[PDB]
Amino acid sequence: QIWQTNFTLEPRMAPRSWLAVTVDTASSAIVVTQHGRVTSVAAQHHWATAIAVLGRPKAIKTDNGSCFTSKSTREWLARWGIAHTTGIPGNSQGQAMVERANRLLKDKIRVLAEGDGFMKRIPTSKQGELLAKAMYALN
């Protein structure tokens, strides 16, 4: 398994509107979690969840954002025995599949939310299940 991971901003999910998104490259399966801020520890929390969902990957591709190049994240990945490659934001080889997942997720979130009567932000108490439904639907 080789994953692509990024963060994408989704105000429908505010306050925890920073979505950490992983796509498994061979299967196209997605894992998404919500966060208040993009940080090294948010990335690590996200991947911990993703490992529990998909298994432990051999490698993860990210961009060169601080949250991915930090000593903390380097060490977390090493502790897990997961290889890491980084490129510039949006590079195709390492980020095009996760960027597609971002777009698919945002469209799905919008459609579900609007279907439930939410034309703008999703009420806080409804976000977790809606996000899980979007993940289910896409996978």
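Numbers for residues come from their place in the sequence shown, where the first is 1.
Engineer: Look over 123-131 and 19-27 in the entry and identify the one with the greater average Cα temperature factor.
Structural biologist: Mean B over CA atoms: larger for 19-27.
Engineer: Per the entry, where is the mean C-alpha temperature factor higher: 103-111 or 58-66?
Structural biologist: Higher mean C-alpha B-factor in the PDB entry: 58-66.
Engineer: Which of these, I88, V32, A48, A42, has its C-alpha atom at the highest B-factor, as the entry lists it?
Structural biologist: The record points to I88.
Engineer: Taking the chain's C-alpha temperature factors as the reference, tell me which third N139 falls into: lowest, middle or highest.
Structural biologist: Its C-alpha B-factor belongs to the highest third of this chain's values.
Engineer: Please place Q1 in the lowest, middle or highest third of its chain according to the CA B-factor in the PDB entry.
Structural biologist: As the PDB entry reports it, the C-alpha B-factor of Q1 lands in the highest third of its chain.
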